[PDB]
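To be precise, the following lines are coords.txt, and they hold compact mmCIF, N, CA and C atoms.
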# COMPACT_ATOMS: atom_id res chain seq x y z
N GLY A 1 11.51 -33.06 -13.71
CA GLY A 1 10.92 -31.75 -13.37
C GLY A 1 11.28 -31.33 -11.96
N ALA A 2 10.95 -30.09 -11.60
CA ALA A 2 10.89 -29.70 -10.20
C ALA A 2 9.70 -30.43 -9.57
N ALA A 3 9.78 -30.65 -8.26
CA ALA A 3 8.68 -31.16 -7.45
C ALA A 3 8.71 -30.40 -6.12
N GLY A 4 8.61 -29.08 -6.21
CA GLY A 4 8.75 -28.16 -5.10
C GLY A 4 7.78 -27.02 -5.28
N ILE A 5 8.33 -25.86 -5.62
CA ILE A 5 7.60 -24.60 -5.59
C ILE A 5 7.75 -23.81 -6.88
N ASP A 6 8.76 -24.14 -7.68
CA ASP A 6 9.06 -23.44 -8.91
C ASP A 6 7.94 -23.63 -9.94
N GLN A 7 7.21 -24.75 -9.83
CA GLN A 7 6.01 -25.05 -10.59
C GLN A 7 4.86 -24.07 -10.36
N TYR A 8 4.86 -23.36 -9.23
CA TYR A 8 3.92 -22.29 -8.93
C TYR A 8 4.57 -20.92 -9.14
N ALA A 9 5.81 -20.81 -9.63
CA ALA A 9 6.45 -19.52 -9.80
C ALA A 9 6.09 -18.95 -11.17
N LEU A 10 5.30 -17.88 -11.17
CA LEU A 10 4.92 -17.18 -12.40
C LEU A 10 6.07 -16.25 -12.74
N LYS A 11 5.74 -15.34 -13.64
CA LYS A 11 6.49 -14.14 -13.94
C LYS A 11 5.62 -12.90 -14.05
N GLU A 12 4.30 -13.05 -14.15
CA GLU A 12 3.40 -11.97 -14.60
C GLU A 12 1.96 -12.47 -14.63
N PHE A 13 1.01 -11.54 -14.60
CA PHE A 13 -0.42 -11.80 -14.46
C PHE A 13 -1.20 -10.52 -14.77
N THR A 14 -2.51 -10.59 -14.59
CA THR A 14 -3.37 -9.44 -14.38
C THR A 14 -4.17 -9.76 -13.12
N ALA A 15 -4.30 -8.81 -12.21
CA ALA A 15 -5.36 -8.76 -11.21
C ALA A 15 -5.87 -7.34 -11.22
N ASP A 16 -7.06 -7.09 -10.68
CA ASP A 16 -7.50 -5.74 -10.31
C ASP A 16 -7.59 -4.78 -11.51
N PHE A 17 -7.70 -5.33 -12.72
CA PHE A 17 -7.62 -4.62 -14.00
C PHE A 17 -6.26 -3.94 -14.23
N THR A 18 -5.19 -4.51 -13.66
CA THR A 18 -3.81 -4.06 -13.72
C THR A 18 -2.95 -5.26 -14.12
N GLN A 19 -2.20 -5.15 -15.21
CA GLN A 19 -1.18 -6.12 -15.59
C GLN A 19 0.08 -5.82 -14.77
N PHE A 20 0.84 -6.86 -14.42
CA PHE A 20 2.07 -6.74 -13.65
C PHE A 20 3.06 -7.81 -14.08
N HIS A 21 4.34 -7.55 -13.80
CA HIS A 21 5.45 -8.45 -14.08
C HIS A 21 6.41 -8.44 -12.89
N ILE A 22 7.42 -9.32 -12.92
CA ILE A 22 8.56 -9.22 -12.01
C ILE A 22 9.21 -7.87 -12.25
N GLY A 23 9.04 -6.96 -11.30
CA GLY A 23 9.63 -5.63 -11.34
C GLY A 23 8.64 -4.51 -11.65
N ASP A 24 7.34 -4.79 -11.81
CA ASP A 24 6.30 -3.76 -11.71
C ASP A 24 6.22 -3.30 -10.25
N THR A 25 5.31 -2.39 -9.92
CA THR A 25 5.00 -1.99 -8.58
C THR A 25 3.49 -2.20 -8.36
N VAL A 26 3.09 -2.56 -7.15
CA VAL A 26 1.68 -2.59 -6.76
C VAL A 26 1.21 -1.16 -6.46
N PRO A 27 -0.11 -0.90 -6.44
CA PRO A 27 -0.67 0.28 -5.81
C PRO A 27 -0.64 0.17 -4.28
N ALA A 28 -0.78 1.31 -3.59
CA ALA A 28 -0.75 1.40 -2.14
C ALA A 28 -1.88 0.60 -1.49
N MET A 29 -2.90 0.21 -2.26
CA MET A 29 -4.01 -0.63 -1.82
C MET A 29 -3.53 -2.00 -1.33
N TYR A 30 -2.31 -2.39 -1.67
CA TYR A 30 -1.72 -3.65 -1.23
C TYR A 30 -0.44 -3.47 -0.42
N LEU A 31 0.00 -2.23 -0.15
CA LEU A 31 1.06 -1.98 0.83
C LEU A 31 0.50 -2.11 2.25
N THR A 32 -0.80 -1.88 2.44
CA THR A 32 -1.44 -1.96 3.74
C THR A 32 -1.22 -3.38 4.33
N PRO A 33 -1.04 -3.51 5.66
CA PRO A 33 -0.77 -4.79 6.30
C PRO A 33 -1.99 -5.72 6.31
N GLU A 34 -3.14 -5.26 5.83
CA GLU A 34 -4.39 -5.99 5.68
C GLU A 34 -4.28 -7.22 4.76
N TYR A 35 -3.22 -7.33 3.97
CA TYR A 35 -2.95 -8.44 3.06
C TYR A 35 -1.61 -9.12 3.35
N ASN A 36 -0.82 -8.58 4.28
CA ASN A 36 0.51 -9.03 4.67
C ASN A 36 0.42 -10.38 5.37
N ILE A 37 0.84 -11.43 4.68
CA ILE A 37 0.95 -12.79 5.19
C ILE A 37 2.37 -12.92 5.75
N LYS A 38 2.57 -12.47 7.00
CA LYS A 38 3.80 -12.79 7.73
C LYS A 38 3.92 -14.30 7.98
N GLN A 39 2.82 -15.03 7.84
CA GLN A 39 2.65 -16.43 8.16
C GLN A 39 3.00 -17.24 6.91
N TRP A 40 4.29 -17.28 6.56
CA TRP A 40 4.79 -17.91 5.34
C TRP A 40 5.62 -19.16 5.64
N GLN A 41 6.14 -19.34 6.86
CA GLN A 41 7.00 -20.48 7.18
C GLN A 41 6.20 -21.78 7.25
N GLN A 42 4.96 -21.73 7.75
CA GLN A 42 4.04 -22.87 7.72
C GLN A 42 3.43 -23.02 6.31
N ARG A 43 4.21 -22.77 5.26
CA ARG A 43 3.86 -22.90 3.85
C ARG A 43 5.12 -23.35 3.12
N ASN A 44 4.94 -23.80 1.88
CA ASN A 44 6.06 -24.11 1.00
C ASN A 44 6.79 -22.84 0.52
N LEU A 45 6.19 -21.65 0.64
CA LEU A 45 6.69 -20.41 0.05
C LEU A 45 8.10 -20.04 0.56
N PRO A 46 8.94 -19.38 -0.26
CA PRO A 46 10.27 -18.95 0.15
C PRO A 46 10.24 -17.74 1.09
N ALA A 47 11.32 -17.58 1.85
CA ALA A 47 11.44 -16.50 2.83
C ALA A 47 11.51 -15.15 2.11
N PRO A 48 10.90 -14.07 2.63
CA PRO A 48 10.77 -12.80 1.92
C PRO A 48 12.10 -12.04 1.85
N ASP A 49 12.18 -11.07 0.94
CA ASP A 49 13.33 -10.18 0.81
C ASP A 49 13.37 -9.28 2.04
N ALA A 50 14.54 -8.69 2.31
CA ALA A 50 14.92 -8.12 3.60
C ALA A 50 14.35 -6.71 3.84
N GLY A 51 13.05 -6.57 3.64
CA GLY A 51 12.29 -5.33 3.62
C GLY A 51 11.04 -5.50 2.76
N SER A 52 10.37 -6.66 2.81
CA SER A 52 9.20 -6.97 2.00
C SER A 52 8.25 -7.90 2.76
N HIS A 53 7.06 -8.15 2.21
CA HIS A 53 6.17 -9.18 2.70
C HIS A 53 5.38 -9.83 1.57
N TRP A 54 4.92 -11.06 1.81
CA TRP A 54 3.97 -11.75 0.96
C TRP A 54 2.59 -11.15 1.13
N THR A 55 1.87 -11.04 0.01
CA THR A 55 0.62 -10.33 -0.16
C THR A 55 -0.28 -11.25 -0.98
N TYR A 56 -1.53 -11.45 -0.56
CA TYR A 56 -2.49 -12.21 -1.36
C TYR A 56 -3.10 -11.22 -2.34
N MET A 57 -2.63 -11.22 -3.59
CA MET A 57 -3.24 -10.50 -4.70
C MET A 57 -4.47 -11.30 -5.17
N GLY A 58 -4.88 -11.14 -6.43
CA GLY A 58 -6.03 -11.75 -7.08
C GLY A 58 -5.88 -13.24 -7.30
N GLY A 59 -5.72 -14.01 -6.22
CA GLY A 59 -5.60 -15.45 -6.29
C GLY A 59 -4.17 -15.93 -6.50
N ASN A 60 -3.20 -15.03 -6.32
CA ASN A 60 -1.78 -15.26 -6.45
C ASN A 60 -1.16 -14.58 -5.24
N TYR A 61 0.01 -15.04 -4.83
CA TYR A 61 0.79 -14.43 -3.77
C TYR A 61 1.92 -13.64 -4.41
N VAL A 62 1.92 -12.32 -4.25
CA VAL A 62 3.02 -11.48 -4.70
C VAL A 62 3.86 -11.10 -3.48
N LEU A 63 5.16 -10.91 -3.67
CA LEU A 63 6.07 -10.38 -2.67
C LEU A 63 6.27 -8.92 -3.01
N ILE A 64 6.04 -8.01 -2.06
CA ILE A 64 6.15 -6.57 -2.27
C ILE A 64 7.01 -5.95 -1.17
N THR A 65 7.91 -5.06 -1.57
CA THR A 65 8.76 -4.29 -0.68
C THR A 65 7.89 -3.36 0.16
N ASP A 66 8.10 -3.28 1.47
CA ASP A 66 7.32 -2.38 2.33
C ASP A 66 7.73 -0.92 2.15
N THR A 67 8.73 -0.69 1.31
CA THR A 67 9.41 0.58 1.12
C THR A 67 9.40 0.96 -0.37
N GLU A 68 8.59 0.27 -1.19
CA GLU A 68 8.41 0.57 -2.60
C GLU A 68 7.16 -0.14 -3.12
N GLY A 69 7.05 -1.42 -2.80
CA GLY A 69 6.10 -2.37 -3.33
C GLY A 69 6.41 -2.73 -4.77
N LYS A 70 7.69 -2.77 -5.14
CA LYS A 70 8.14 -3.49 -6.33
C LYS A 70 7.65 -4.92 -6.18
N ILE A 71 7.24 -5.55 -7.28
CA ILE A 71 6.82 -6.93 -7.35
C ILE A 71 8.11 -7.75 -7.46
N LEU A 72 8.69 -8.10 -6.31
CA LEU A 72 9.93 -8.84 -6.21
C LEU A 72 9.75 -10.24 -6.81
N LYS A 73 8.70 -10.94 -6.39
CA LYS A 73 8.38 -12.31 -6.77
C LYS A 73 6.87 -12.47 -6.84
N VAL A 74 6.42 -13.50 -7.54
CA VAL A 74 5.02 -13.88 -7.71
C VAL A 74 4.95 -15.40 -7.73
N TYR A 75 4.03 -15.96 -6.95
CA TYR A 75 3.65 -17.36 -6.99
C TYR A 75 2.13 -17.45 -7.13
N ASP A 76 1.64 -18.53 -7.70
CA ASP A 76 0.21 -18.81 -7.78
C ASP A 76 -0.32 -19.19 -6.40
N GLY A 77 -1.63 -19.09 -6.17
CA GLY A 77 -2.26 -19.47 -4.92
C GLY A 77 -2.19 -20.97 -4.62
N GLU A 78 -2.03 -21.84 -5.63
CA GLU A 78 -2.12 -23.29 -5.45
C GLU A 78 -1.03 -23.84 -4.52
N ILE A 79 0.07 -23.09 -4.35
CA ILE A 79 1.14 -23.41 -3.41
C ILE A 79 0.63 -23.50 -1.95
N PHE A 80 -0.54 -22.91 -1.65
CA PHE A 80 -1.17 -22.93 -0.34
C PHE A 80 -1.72 -24.32 0.01
N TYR A 81 -2.23 -25.07 -0.97
CA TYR A 81 -2.81 -26.39 -0.71
C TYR A 81 -1.75 -27.48 -0.79
N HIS A 82 -0.60 -27.19 -1.41
CA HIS A 82 0.50 -28.12 -1.58
C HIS A 82 1.02 -28.53 -0.20
N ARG A 83 1.58 -29.73 -0.13
CA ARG A 83 1.98 -30.45 1.05
C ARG A 83 3.34 -31.03 0.72

This entry written out as C-alpha cells:
Amino acid sequence: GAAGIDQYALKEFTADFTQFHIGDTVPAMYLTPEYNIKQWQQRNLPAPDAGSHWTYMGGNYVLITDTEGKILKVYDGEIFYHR
C-alpha cells in the first residue's frame, strides 16, 4: 500500500448540505482567508496549486483556487494528526 498521504486523498464528499467532487466549485463562504491554511508545510499535505490555498471544509481539507475556488484537490482531516 501507500504509507503517505494518498490514503487520505478523497475524490468527493458532502459538507454544508452541498455535494462536491474534484472539479466542483466552493461558495464564496470559503474563498474568504478566514479558512486559508497557508500553514501547510508543517503538515504531510502537498504544496498548493499556483493560485490556490488549503481550506478547512467540513472536517476535510479542500484546495481552492483564489481566482475561482474550483475544488482542485480534497484530503480528509485525519492527515493533520498523521506523523

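Taking atom CA of residue A:59 and atom N of residue A:17 as endpoints, the distance between them is 12.2 Å.
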
For atom CA of residue A:53 and atom CA of residue A:23, quote the distance in Å rounded to one decimal.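 Atom-to-atom, atom CA of residue A:53 and atom CA of residue A:23 are spaced 14.9 Å apart.
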
Determine the axis-aligned bounding box of all atoms of stretch 74-81 of chain A present in the file, pad each side by 8 Å, and express its centre and edge lengths in Å to one decimal place as JSON.
{"center_x": 1.8, "center_y": -20.5, "center_z": -3.9, "size_x": 25.2, "size_y": 30.0, "size_z": 23.8}

Could you work out how far atom C of residue A:75 lies from atom CA of residue A:8, giving the answer in Å with one decimal?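 Atom CA of residue A:8 sits 5.5 Å away from atom C of residue A:75.
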
Would you kindly return, as a ChimeraX atom specification, each protein, DNA or RNA residue with an atom no farther than 6.5 Å from any atom of stretch 25-28 of chain A, considering all atoms listed in the file and excluding same-chain residues fewer than 3 positions away? /A:31-32,68-71

Any idea what's packed within 6.5 Å of residue A:61, counting only N, CA and C atoms, ignoring anything in its chain fewer than 2 positions away? Could you give it as a list in words? residues 54, 55, 56, 57, 58, 59, 63, 73, 74, 75, 76 and 77 of chain A

As a compact mmCIF listing (two decimals) with N, CA and C atoms, keeping the file's coordinate frame, list the residues of chain A assigned to helix (DSSP H, G or I) by DSSP on the backbone atoms of this structure.
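Result file result03.txt:
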# COMPACT_ATOMS: atom_id res chain seq x y z
N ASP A 6 8.76 -24.14 -7.68
CA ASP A 6 9.06 -23.44 -8.91
C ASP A 6 7.94 -23.63 -9.94
N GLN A 7 7.21 -24.75 -9.83
CA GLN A 7 6.01 -25.05 -10.59
C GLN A 7 4.86 -24.07 -10.36
N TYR A 8 4.86 -23.36 -9.23
CA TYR A 8 3.92 -22.29 -8.93
C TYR A 8 4.57 -20.92 -9.14
N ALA A 28 -0.78 1.31 -3.59
CA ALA A 28 -0.75 1.40 -2.14
C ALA A 28 -1.88 0.60 -1.49
N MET A 29 -2.90 0.21 -2.26
CA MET A 29 -4.01 -0.63 -1.82
C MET A 29 -3.53 -2.00 -1.33
N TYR A 30 -2.31 -2.39 -1.67
CA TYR A 30 -1.72 -3.65 -1.23
C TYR A 30 -0.44 -3.47 -0.42
N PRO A 33 -1.04 -3.51 5.66
CA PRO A 33 -0.77 -4.79 6.30
C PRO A 33 -1.99 -5.72 6.31
N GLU A 34 -3.14 -5.26 5.83
CA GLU A 34 -4.39 -5.99 5.68
C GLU A 34 -4.28 -7.22 4.76
N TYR A 35 -3.22 -7.33 3.97
CA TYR A 35 -2.95 -8.44 3.06
C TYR A 35 -1.61 -9.12 3.35
N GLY A 77 -1.63 -19.09 -6.17
CA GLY A 77 -2.26 -19.47 -4.92
C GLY A 77 -2.19 -20.97 -4.62
N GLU A 78 -2.03 -21.84 -5.63
CA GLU A 78 -2.12 -23.29 -5.45
C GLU A 78 -1.03 -23.84 -4.52
N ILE A 79 0.07 -23.09 -4.35
CA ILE A 79 1.14 -23.41 -3.41
C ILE A 79 0.63 -23.50 -1.95
N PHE A 80 -0.54 -22.91 -1.65
CA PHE A 80 -1.17 -22.93 -0.34
C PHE A 80 -1.72 -24.32 0.01

Taking (10.2, -13.3, -15.3) in the coordinates of the supplied file, I want to know which residues reach to within 8 Å of it, counting all atoms listed in the file; could you give the answer as a ChimeraX atom specification? /A:10-12,21-23

Give the strand (DSSP E) residues of stretch 12-83 of chain A, as DSSP finds them on the backbone, and put them as JSON, numbers by chain. {"A": [12, 13, 14, 15, 18, 19, 20, 21, 36, 37, 52, 53, 54, 55, 56, 60, 61, 62, 63, 64, 65, 71, 72, 73, 74, 75, 76]}

Which of these residues is nearest to residue A:64, using only N, CA and C atoms: A:82, A:39, A:4, A:30?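 Among A:82, A:39, A:4, A:30, it is A:30 that comes nearest to residue A:64.
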
If I only have part of stretch 14-40 of chain A, can you fill in N, CA, C and O atoms and write it as an mmCIF file, keeping the file's coordinate frame?
data_model
loop_
_atom_site.group_PDB
_atom_site.id
_atom_site.type_symbol
_atom_site.label_atom_id
_atom_site.label_comp_id
_atom_site.auth_asym_id
_atom_site.auth_seq_id
_atom_site.Cartn_x
_atom_site.Cartn_y
_atom_site.Cartn_z
ATOM 1 N N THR A 14 -2.510 -10.590 -14.590
ATOM 2 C CA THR A 14 -3.370 -9.440 -14.380
ATOM 3 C C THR A 14 -4.170 -9.760 -13.120
ATOM 4 O O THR A 14 -4.660 -10.886 -12.977
ATOM 5 N N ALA A 15 -4.300 -8.810 -12.210
ATOM 6 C CA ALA A 15 -5.360 -8.760 -11.210
ATOM 7 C C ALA A 15 -5.870 -7.340 -11.220
ATOM 8 O O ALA A 15 -5.164 -6.440 -11.658
ATOM 9 N N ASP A 16 -7.060 -7.090 -10.680
ATOM 10 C CA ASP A 16 -7.500 -5.740 -10.310
ATOM 11 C C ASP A 16 -7.590 -4.780 -11.510
ATOM 12 O O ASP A 16 -7.550 -3.554 -11.337
ATOM 13 N N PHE A 17 -7.700 -5.330 -12.720
ATOM 14 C CA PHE A 17 -7.620 -4.620 -14.000
ATOM 15 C C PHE A 17 -6.260 -3.940 -14.230
ATOM 16 O O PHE A 17 -6.166 -2.941 -14.946
ATOM 17 N N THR A 18 -5.190 -4.510 -13.660
ATOM 18 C CA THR A 18 -3.810 -4.060 -13.720
ATOM 19 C C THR A 18 -2.950 -5.260 -14.120
ATOM 20 O O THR A 18 -2.996 -6.314 -13.473
ATOM 21 N N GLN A 19 -2.200 -5.150 -15.210
ATOM 22 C CA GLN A 19 -1.180 -6.120 -15.590
ATOM 23 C C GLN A 19 0.080 -5.820 -14.770
ATOM 24 O O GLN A 19 0.384 -4.660 -14.502
ATOM 25 N N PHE A 20 0.840 -6.860 -14.420
ATOM 26 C CA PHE A 20 2.070 -6.740 -13.650
ATOM 27 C C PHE A 20 3.060 -7.810 -14.080
ATOM 28 O O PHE A 20 2.662 -8.883 -14.538
ATOM 29 N N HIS A 21 4.340 -7.550 -13.800
ATOM 30 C CA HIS A 21 5.450 -8.450 -14.080
ATOM 31 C C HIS A 21 6.410 -8.440 -12.890
ATOM 32 O O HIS A 21 6.251 -7.641 -11.964
ATOM 33 N N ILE A 22 7.420 -9.320 -12.920
ATOM 34 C CA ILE A 22 8.560 -9.220 -12.010
ATOM 35 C C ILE A 22 9.210 -7.870 -12.250
ATOM 36 O O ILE A 22 9.857 -7.656 -13.278
ATOM 37 N N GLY A 23 9.040 -6.960 -11.300
ATOM 38 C CA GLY A 23 9.630 -5.630 -11.340
ATOM 39 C C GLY A 23 8.640 -4.510 -11.650
ATOM 40 O O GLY A 23 9.087 -3.363 -11.719
ATOM 41 N N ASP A 24 7.340 -4.790 -11.810
ATOM 42 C CA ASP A 24 6.300 -3.760 -11.710
ATOM 43 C C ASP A 24 6.220 -3.300 -10.250
ATOM 44 O O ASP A 24 6.939 -3.811 -9.391
ATOM 45 N N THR A 25 5.310 -2.390 -9.920
ATOM 46 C CA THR A 25 5.000 -1.990 -8.580
ATOM 47 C C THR A 25 3.490 -2.200 -8.360
ATOM 48 O O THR A 25 2.693 -2.001 -9.286
ATOM 49 N N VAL A 26 3.090 -2.560 -7.150
ATOM 50 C CA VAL A 26 1.680 -2.590 -6.760
ATOM 51 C C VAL A 26 1.210 -1.160 -6.460
ATOM 52 O O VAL A 26 2.033 -0.269 -6.215
ATOM 53 N N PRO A 27 -0.110 -0.900 -6.440
ATOM 54 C CA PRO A 27 -0.670 0.280 -5.810
ATOM 55 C C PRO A 27 -0.640 0.170 -4.280
ATOM 56 O O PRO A 27 -0.599 -0.937 -3.732
ATOM 57 N N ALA A 28 -0.780 1.310 -3.590
ATOM 58 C CA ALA A 28 -0.750 1.400 -2.140
ATOM 59 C C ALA A 28 -1.880 0.600 -1.490
ATOM 60 O O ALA A 28 -1.788 0.262 -0.308
ATOM 61 N N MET A 29 -2.900 0.210 -2.260
ATOM 62 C CA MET A 29 -4.010 -0.630 -1.820
ATOM 63 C C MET A 29 -3.530 -2.000 -1.330
ATOM 64 O O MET A 29 -4.278 -2.671 -0.619
ATOM 65 N N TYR A 30 -2.310 -2.390 -1.670
ATOM 66 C CA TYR A 30 -1.720 -3.650 -1.230
ATOM 67 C C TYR A 30 -0.440 -3.470 -0.420
ATOM 68 O O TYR A 30 0.138 -4.458 0.008
ATOM 69 N N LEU A 31 0.000 -2.230 -0.150
ATOM 70 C CA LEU A 31 1.060 -1.980 0.830
ATOM 71 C C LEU A 31 0.500 -2.110 2.250
ATOM 72 O O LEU A 31 1.264 -2.350 3.189
ATOM 73 N N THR A 32 -0.800 -1.880 2.440
ATOM 74 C CA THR A 32 -1.440 -1.960 3.740
ATOM 75 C C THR A 32 -1.220 -3.380 4.330
ATOM 76 O O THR A 32 -1.294 -4.374 3.609
ATOM 77 N N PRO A 33 -1.040 -3.510 5.660
ATOM 78 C CA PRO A 33 -0.770 -4.790 6.300
ATOM 79 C C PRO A 33 -1.990 -5.720 6.310
ATOM 80 O O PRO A 33 -1.895 -6.870 6.742
ATOM 81 N N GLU A 34 -3.140 -5.260 5.830
ATOM 82 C CA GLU A 34 -4.390 -5.990 5.680
ATOM 83 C C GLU A 34 -4.280 -7.220 4.760
ATOM 84 O O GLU A 34 -5.175 -8.074 4.815
ATOM 85 N N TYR A 35 -3.220 -7.330 3.970
ATOM 86 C CA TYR A 35 -2.950 -8.440 3.060
ATOM 87 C C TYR A 35 -1.610 -9.120 3.350
ATOM 88 O O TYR A 35 -1.290 -10.129 2.713
ATOM 89 N N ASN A 36 -0.820 -8.580 4.280
ATOM 90 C CA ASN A 36 0.510 -9.030 4.670
ATOM 91 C C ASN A 36 0.420 -10.380 5.370
ATOM 92 O O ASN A 36 -0.016 -10.483 6.527
ATOM 93 N N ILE A 37 0.840 -11.430 4.680
ATOM 94 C CA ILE A 37 0.950 -12.790 5.190
ATOM 95 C C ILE A 37 2.370 -12.920 5.750
ATOM 96 O O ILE A 37 3.271 -13.431 5.097
ATOM 97 N N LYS A 38 2.570 -12.470 7.000
ATOM 98 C CA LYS A 38 3.800 -12.790 7.730
ATOM 99 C C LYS A 38 3.920 -14.300 7.980
ATOM 100 O O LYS A 38 4.991 -14.784 8.341
ATOM 101 N N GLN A 39 2.820 -15.030 7.840
ATOM 102 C CA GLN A 39 2.650 -16.430 8.160
ATOM 103 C C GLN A 39 3.000 -17.240 6.910
ATOM 104 O O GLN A 39 2.117 -17.777 6.242
ATOM 105 N N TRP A 40 4.290 -17.280 6.560
ATOM 106 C CA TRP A 40 4.790 -17.910 5.340
ATOM 107 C C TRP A 40 5.620 -19.160 5.640
ATOM 108 O O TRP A 40 5.792 -19.983 4.741
#
